[PDB]
Amino acid sequence: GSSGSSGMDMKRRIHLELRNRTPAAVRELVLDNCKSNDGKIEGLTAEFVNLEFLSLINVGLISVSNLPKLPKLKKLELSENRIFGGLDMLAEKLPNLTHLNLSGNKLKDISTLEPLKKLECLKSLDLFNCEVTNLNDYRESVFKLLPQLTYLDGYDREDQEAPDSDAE
């Protein structure tokens, strides 16, 4: 056996976290830098019924469609990926999602964030280095779209930075 790397597959990186417990025993799961099946998820399963945190950063993903239902997942990190929209699949899979980090994505329009209106629980969002952040008054154009949202790019609805002791 050997440690995970930027050449390891997502199903194989999921196996490296499952070496010690069942997927139903996992609260916090990290799958960063692993390889996807051409921008679709390969190994993730609905047995993660107790998962509250998921990280899939710099895996280079393009589509959220292969996500399982995760009824406890409050926090998802999908940064440094190739995703360009389709976030209505997050609204059905993750019905009480509070934190959604989408930095470095191919998000180009406020209309890519439109299906996040469904998630009445969504409290924090990140869009650092996204094309949608080049728009005129973009930060207000996200908050007017998603009136339930409290944080955008680590700052709040009042344009003040998040606390170090909380914001989790």
# chains A, B, ... in the order shown; residues from 1 in each chain; ligands from 1
$ residues_around --residues "residue A:56" --least-positions-apart "5" --cutoff "6 Å" --atoms "only C-alpha atoms" --output "PDB file with C-alpha atoms, in the first residue's frame"
ATOM      1  CA  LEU A  31     -10.561  14.143  -1.339  1.00  0.00           C
ATOM      2  CA  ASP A  32      -8.425  17.121  -2.558  1.00  0.00           C
ATOM      3  CA  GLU A  77     -15.716  22.762  -0.734  1.00  0.00           C
ATOM      4  CA  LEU A  78     -15.527  22.551  -4.585  1.00  0.00           C
TER       5      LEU A  78
END
$ select_by_dssp --residues "chain A" --states "alpha helix (DSSP H)" --output "list in words"
residues 10, 11, 12, 13, 14, 15, 16, 17, 18, 88, 89, 90, 91, 92, 93, 138, 139, 140, 141, 142 and 143 of chain A
$ closest_residue --among "A:105, A:148, A:141, A:5" --to "residue A:123" --atoms "only C-alpha atoms"
A:148
$ residues_around --residues "residue A:153" --least-positions-apart "5" --cutoff "9 Å" --atoms "only C-alpha atoms" --output "VMD selection string"
chain A and resid 101 103 124 to 128 139 161
$ write_last_selection --atoms "N, CA and C atoms" --output "CSV table (one decimal), in the first residue's frame"
chain,number,residue,atom,x,y,z
A,101,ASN,N,-18.2,26.5,-1.0
A,101,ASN,CA,-17.0,27.2,-1.5
A,101,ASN,C,-16.8,26.8,-3.0
A,103,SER,N,-14.6,28.8,-5.3
A,103,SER,CA,-13.5,29.7,-5.8
A,103,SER,C,-12.8,29.0,-7.0
A,124,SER,N,-23.1,30.9,3.8
A,124,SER,CA,-21.8,31.3,3.3
A,124,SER,C,-21.4,30.7,2.0
A,125,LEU,N,-20.8,31.6,1.1
A,125,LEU,CA,-20.4,31.3,-0.3
A,125,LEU,C,-19.1,31.9,-0.6
A,126,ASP,N,-18.2,31.2,-1.4
A,126,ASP,CA,-17.0,31.8,-1.9
A,126,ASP,C,-16.9,31.6,-3.4
A,127,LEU,N,-16.5,32.7,-4.1
A,127,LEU,CA,-16.4,32.8,-5.6
A,127,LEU,C,-15.1,33.5,-6.0
A,128,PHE,N,-14.1,33.5,-5.2
A,128,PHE,CA,-12.8,34.1,-5.5
A,128,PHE,C,-12.2,33.6,-6.9
A,139,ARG,N,-21.2,41.7,-6.2
A,139,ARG,CA,-21.4,41.3,-4.8
A,139,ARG,C,-22.8,41.5,-4.3
A,161,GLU,N,-15.4,41.7,7.5
A,161,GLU,CA,-14.8,40.3,7.5
A,161,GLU,C,-15.4,39.4,8.6
$ atom_distance --atom1 "atom CA of residue A:116" --atom2 "atom CA of residue A:133"
16.7 Å
$ select_by_dssp --residues "stretch 6-52 of chain A" --states "strand (DSSP E or B)" --output "NGL selection string"
:A and (9 or 28-30 or 35 or 37 or 40)
